[PDB]
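Peer 1: Output the structure for:
(chains A, B, C, D, E and F)
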Amino acid sequence: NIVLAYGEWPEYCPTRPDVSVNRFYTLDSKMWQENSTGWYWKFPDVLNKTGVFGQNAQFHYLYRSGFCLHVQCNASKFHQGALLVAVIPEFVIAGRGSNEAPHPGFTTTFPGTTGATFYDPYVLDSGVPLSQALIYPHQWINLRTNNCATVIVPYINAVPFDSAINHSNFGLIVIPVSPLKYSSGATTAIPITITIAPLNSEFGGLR
Amino acid sequence: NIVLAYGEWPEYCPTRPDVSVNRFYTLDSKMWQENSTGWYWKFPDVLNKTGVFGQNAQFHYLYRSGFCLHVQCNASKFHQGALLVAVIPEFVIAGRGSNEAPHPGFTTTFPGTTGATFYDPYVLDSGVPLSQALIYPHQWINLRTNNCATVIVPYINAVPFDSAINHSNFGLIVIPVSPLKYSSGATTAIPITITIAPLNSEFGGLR
Amino acid sequence: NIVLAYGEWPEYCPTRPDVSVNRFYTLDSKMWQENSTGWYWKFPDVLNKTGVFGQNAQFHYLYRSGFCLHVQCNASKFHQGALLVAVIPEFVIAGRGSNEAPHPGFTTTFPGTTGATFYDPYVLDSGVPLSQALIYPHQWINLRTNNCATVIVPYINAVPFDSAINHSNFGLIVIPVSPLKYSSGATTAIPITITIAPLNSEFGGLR
Amino acid sequence: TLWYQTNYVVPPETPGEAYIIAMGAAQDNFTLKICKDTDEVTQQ
Amino acid sequence: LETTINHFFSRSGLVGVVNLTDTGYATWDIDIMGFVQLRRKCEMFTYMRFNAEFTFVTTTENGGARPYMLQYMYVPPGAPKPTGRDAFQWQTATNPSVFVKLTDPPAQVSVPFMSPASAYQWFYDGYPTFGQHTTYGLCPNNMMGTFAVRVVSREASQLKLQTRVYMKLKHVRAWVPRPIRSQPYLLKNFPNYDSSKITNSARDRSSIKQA
Amino acid sequence: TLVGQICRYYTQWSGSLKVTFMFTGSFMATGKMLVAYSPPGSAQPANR
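Peer 2: Numbering: from 1, shown residues only, chains lettered A, B, ... in the order given. And now the structure:
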């Protein structure tokens, strides 16, 4: 069923919009081939410059909202392999150099509506081993039994209001733990689609 | 489930036979190949010269009975395509000529226990477009979800008693709307079988 | 004090925005010199492409709102002359030719946020004499006694919902009836400013 | 319109061409007005 | 018991060695991620909140000396740091000082919690352009001050001193967990790793059988 | 269709038409579709 993040319902204690921004969004359906290696998105950057919510976070500079996700991959009963859906707070990536000090830059660290690609999966591109990576709220999508995952995440930040262009509250990761296998005579690409819905937005500031 | 015709239970207000003619009949199982094009039967002509009911409509010249159908095609889960089961009252076919006046004759208009074959499906062989042909009681048989259709038809005629050799109350049609498709390595012919059962027969007249 | 239009409070019996569009607007302060001759505006065209209300009438194609005006000219006690503030429903202007058939075109009939200029005042540029032009809701602004006029106009149209780019509900006119006079040693230009506030907007349609 | 969210997925030995038929009707608050004859093609 | 999070931090260890020559003074920045024993134990958790308390230990080279009145100072975040040994930043009133001889037992001084946000942050993901007061992942809500050791004399000290700093933590509350570091980091203030040679986590064996 | 026939009589109309779809594939296949609808003020959309 659903799985909360750390056991907390998202609520709020500034303007308060309603059901016009309670509508579901739908990002682009990716393609998970035989040798792909993982994606990440870094909410709430990917809801900028899009829709009604984009015109309330681009022109306001205070922000608070908890999300509600729905990850769903569609595949028949002759494919196998399991994904991994985890929600990491404060997701910091680092540059892969060694020395000077080659930073990631900008075009990787804020991907926007197109998700990025992990370079090295085994260490989560941040120096943290994947074997220990189930402390976070996780949910197995396992293509023999179930194909839906429903995580609800409340607002986790120290300061009660932050900006929505500079900062980034958390990130969503998707990793193929078992590689996908199929006998010949089927499709190659199992799509992966995401659904995002803001629960309690509460904006502040003007222009 | 079941679908009545125009919302009316078949009942009656002359001799009245019973459960000996409440037995089910079974017409011959047709063969629906990749490029077949439709069938029709014209009840209650096809129950003549057969069984106990045949010896009560050949020698009597008054007739009233409402039927109860059960159309059922058997196919596994690797075949696709949908049929169409409709019950048209007063089904009149016309000759396909143009001028003199070439009539259909007899061997097509009364097929008997072998159903006939539509020549031109798109216009129902009667100058009526198939796109509008769901005013009648219809029932989709759709080979991914269900494979049974149960129509019950009461007696629809102006005069309360008619003969059973000249007149014909209605007709049953079966049309493949989507053509049948399958990958190689399976069967070719999905059979189609019909079950007919008279509900309230009430005959009159002698020899 | 205030003067209604035809004795009717603006109310409503679709989306319904609130106090964010109950804010006052302020058009540009004109300049009424010694020999100027009149202006007009044609609501609700002048609130397009401006502000929050502009982003709800450009992307919706149903509309209903009654306005509330406040015309105010600032002048000391050594100037004289009286203006005229009238609100004409269904304000149709016509081309001044004679013959073929020279229409006004577009750049005059929809002035937008800059008001236009009357060519011939005595006949209201529509073939109607100004002497009879107090059937409409009028209000004298007379520079010796008072310098404010407050008209409230409800929605006057036959069809209960119209578009907001094609149609135009009414128009506001300002005419100098007595020409402005002053002794030398003062200012020349008495400004004229307008304040518009929508009362009960109720939009419909999407994009 | 009918956008394609994702590519069709079929297991092996099943044909990859399906068909989506359409329907159409009118609901309860559908009204009509002034009578008029129509545009056929023939006249006899 | 003893596995609670208060006891897990409350040992005090070395942080930095601060030595001076006569320049005549030795400054130092507060940075608890100095060594590697404590950085791996404090990126365990994301948000922390704790009062520190320090202890300075002075040893002259060759060990022990006649007394001198060396002072310790403290600068709060948001104030200018000293430049020379005799400048007028050693006489302000906002900088609390500690006067302690050599031969006396060591000095100890506490520091309260010093951040505008209600918790520390060891992981920031953004840019400080219109932020709190290249630049990826550096927040100004983490600096805690300096110390600026100085000997008190008019001239000619010539001692060649050496100090140490021991750090205890107190009343520490943590928040949301994170997995531990397993790639030996290169820079001091970034999570970088030598990606040409990624090390493993388990030592290898012969095959999958024969445990 | 039929609604498009008996409004070739009766000049003016107003109401609320509905549109229904149904599918005729195999039992194994699975994908998605995004049925969209735009208001009459514009043309069809360009991007998804």
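Peer 1: got the residues of chain A near chain E?
Peer 2: By Cβ under 8 Å from any Cβ of the partner chain, the residues of chain A that approach chain E are A:6, A:42, A:61, A:89-99, A:101, A:103-104, A:109, A:119-120, A:122-123, A:126-129, A:131-133, A:135, A:156, A:158-159, A:163, A:166-168. Yep, even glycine has a C-beta here, placed from its N, CA and C like the rest.
Peer 1: Looking at those, which are in strands?
Peer 2: Per DSSP state E, strands hold the following members of the residues of chain A next to chain E: residue A:89.
Peer 1: Can I have the buried ones of the residues of chain A next to chain E as a ChimeraX selection?
Peer 2: Restricted to buried positions by 16 or more other Cβ atoms under 10 Å in any protein chain shown, the ChimeraX selection for the residues of chain A next to chain E reads:
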select /A:42,61,89,90,91,92,93,94,95,96,97,103,104,109,123,126,127,128,129,133,156,158,163,166,167,168
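Peer 1: which residues touch the most centrally placed residue in chain F?
Peer 2: Centroid-nearest residue in chain F: residue F:19, 4.6 Å away (criterion: Cα atoms, centre = their mean). Listed by Cβ atoms under 8 Å, 6 or more residues apart in numbering or on different chains, the contact partners of residue F:19 are D:22, D:23, D:24.
Peer 1: can you tell me which of these are in strands?
Peer 2: residue D:22.
Peer 1: Filtering the contacts of residue F:19 by proximity to chain F, which remain?
Peer 2: D:22, D:23, D:24.
Peer 1: Could you count how many residues lie near the nearest residue to residue E:81 once chain neighbours are set aside?
Peer 2: Excluding the flanking residues, the one nearest residue E:81 by Cβ to Cβ, 6 or more residues apart in numbering or on different chains is residue E:146, at 5.7 Å. Per other Cβ atoms under 10 Å in any protein chain shown, the neighbour tally for residue E:146 reads 19.
Peer 1: and the gap between residue E:146 and residue B:126?
Peer 2: 99 Å (Cβ to Cβ, to the nearest Å).
Peer 1: cool, residue E:181 as well?
Peer 2: Residue E:181 sits 81 Å away from residue B:126, taking Cβ to Cβ as the criterion.
Peer 1: cool, and residue A:24?
Peer 2: Distance from residue A:24 to residue B:126, counting by Cβ to Cβ: 48 Å.
Peer 1: Stretch A:109-118 vs chain F: in contact?
Peer 2: No: Stretch A:109-118 stays clear of chain F (Cβ under 8 Å from any Cβ), getting no nearer than 11.0 Å.
Peer 1: In CSV, list the C-alpha atoms belonging to that stretch.
Peer 2: In CSV, the C-alpha atoms belonging to stretch A:109-118 read as follows (Å, rounded to 0.1, in the frame of the first residue of the first chain):
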residue,chain,number,x,y,z
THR,A,109,23.0,19.2,-10.6
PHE,A,110,19.6,20.7,-11.7
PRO,A,111,18.2,18.5,-14.4
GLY,A,112,14.7,19.9,-14.6
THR,A,113,11.8,18.0,-16.1
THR,A,114,14.2,15.6,-17.9
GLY,A,115,15.8,13.4,-15.3
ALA,A,116,19.5,13.0,-15.3
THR,A,117,21.6,9.8,-15.4
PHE,A,118,23.8,8.3,-12.7
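Peer 1: near chain D, anything from it?
Peer 2: No: using Cβ under 8 Å from any Cβ, we find that stretch A:109-118 stays clear of chain D, coming within 15.1 Å at best.
Peer 1: Might you calculate how far that stretch sits from the centre of the chain?
Peer 2: 10 Å (Cα atoms, centre = their mean, to the nearest Å).
Peer 1: Report the buried residues of it.
Peer 2: Using 16+ other Cβ under 10 Å as the burial criterion, the residues of stretch A:109-118 that qualify are A:109, A:110, A:111, A:115, A:116, A:118.
Peer 1: so what's residue 166 closest to, chain neighbours aside?
Peer 2: Here I'm looking at chain A. Nearest to residue A:166 is residue E:126, by Cβ to Cβ, 6+ apart, at 4.4 Å.
Peer 1: switch to chain E, that's the one I care about
Peer 2: residue E:55 (4.4 Å).
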